[PDB]
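A single chain, nothing else alongside it, follows as structure tokens in the form deposited in one PDB entry.
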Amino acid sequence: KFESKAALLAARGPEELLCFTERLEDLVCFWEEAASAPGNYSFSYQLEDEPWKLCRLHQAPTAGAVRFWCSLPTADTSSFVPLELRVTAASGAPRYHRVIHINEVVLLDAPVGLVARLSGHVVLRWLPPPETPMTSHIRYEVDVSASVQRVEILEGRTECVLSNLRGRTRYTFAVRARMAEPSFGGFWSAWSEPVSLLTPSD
């Protein structure tokens, strides 16, 4: 389930060090480059005022883009803790310099279990992204396509009544997921698998 989540992100630009956590007990930071030279870089990070440490940088191709990443161990991926991050060239010029609270960089799985059913308005219902805790804190957003109306939902909801719909039109639905709380932020998940439904006579 990894590659996609990264590929999703890297469209967030090369000026920011892309970083996310999967179960708040991990951290992965990556950045893509070009393949013409590879380059020598030093990933240094500090947690609080503990001594700075170094992170082993690994290389990989994507096709012909090359991606450098580095994983952070579970003990020093506590939440609510300012964790600094520093990618530096062997020349010494800093390439990124970030401050992430690890609680703030979550990337959730796609929600599963989406169904729809109707005379009146339509009831969508679905399941929170599987094998992710804190299911009572998820944010979801749906997308009524036919042409693109997005209905926004908030903490802990797994259904919706699609008021103000149409008739004699094919409709497609989907729901994404993200953590949303005062101490919970991150990027939107990938869209759930879509469910289709044809409206009644009008």
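Heads up, when I say rigid core I mean the largest set of C-alphas that superpose within 1.5 Å between the two forms. Quick note: we count residues from 1 along the sequence shown, nothing fancier.
Peer 1: Check this for me: in at least a third of the other entries compared, is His121 absent while its neighbours are modelled?
Peer 2: Yes, a third or more of the compared structures omit it.
Peer 1: Compared with other deposited entries of this protein, is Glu15 missing coordinates in at least a third of those that cover its neighbours?
Peer 2: No, modelled in all of them.
Peer 1: How many residues sit between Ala37 and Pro38 in the deposited sequence but have no coordinates: none, 1 to 3, 4 to 9, or 10 or more?
Peer 2: In the deposited sequence, 1 to 3 residues between these two have no coordinates.
Peer 1: Could you bin the unmodelled part of the deposited chain lying between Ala63 and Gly64 as none, 1 to 3, 4 to 9, or 10 or more?
Peer 2: Count of unmodelled residues in between: 1 to 3.
Peer 1: Regarding 48-56 and 154-162, which shows the higher C-alpha temperature factor on average in the entry?
Peer 2: It is 154-162.
Peer 1: Lowest, middle or highest third: where is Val122 by Cα B-factor in its chain?
Peer 2: Answer is highest: the recorded C-alpha B-factor places it there.
Peer 1: Would you mind checking where the Cα B-factor of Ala10 ranks among the modelled residues of its chain, as the lowest, middle or highest third?
Peer 2: It belongs to the middle third of the chain when residues are ordered by C-alpha B-factor.
Peer 1: What third of its chain's C-alpha B-factors does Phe68 belong to: lowest, middle or highest?
Peer 2: Middle third of the chain for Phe68's C-alpha B-factor.
Peer 1: Which third of the chain does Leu24 land in by C-alpha B-factor: lowest, middle or highest?
Peer 2: Middle third.
Peer 1: Split into thirds by Cα B-factor across the chain's modelled residues, where does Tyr171 land: lowest, middle or highest?
Peer 2: CA B-factor rank for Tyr171: highest third.
If you look for the form deposited with a partner chain bound, you will not find it shown, but the lines that follow are about it.
Peer 1: Given that the partner is absent here, does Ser78 sit within 4.5 Å of the partner chain in the deposited complex, heavy atoms only?
Peer 2: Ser78: contacts the partner chain in the deposited complex.
Peer 1: Taking the partner chain as it sits in the deposited complex, is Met134 near enough to touch it, meaning that at least one heavy atom pair lies within 4.5 angstroms?
Peer 2: Yes, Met134 lies within 4.5 Å of the partner chain in the deposited complex.
Peer 1: Using the core for the fit, does the CA position of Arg157 change by 2 Å or more between this form and the one not shown?
Peer 2: Comparing forms between this form and the one not shown, the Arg157 CA shifts below 2 Å.
Peer 1: Core superposed first: is there a CA shift of 2 Å or greater at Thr132 between this form and the one not shown?
Peer 2: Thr132: C-alpha displaced by less than 2 Å between this form and the one not shown.
Peer 1: Does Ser44 move appreciably between this form and the one not shown, meaning a CA displacement of 2 Å or more on the superposed rigid core?
Peer 2: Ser44: C-alpha displaced by 2 Å or more between this form and the one not shown.
Peer 1: With a shift of at least 3 angstroms, figure out whether the C-alpha spacing between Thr172 and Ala6 grows or shrinks in the deposited complex: closer or farther?
Peer 2: Nearer in the deposited complex, by 3 Å or more.
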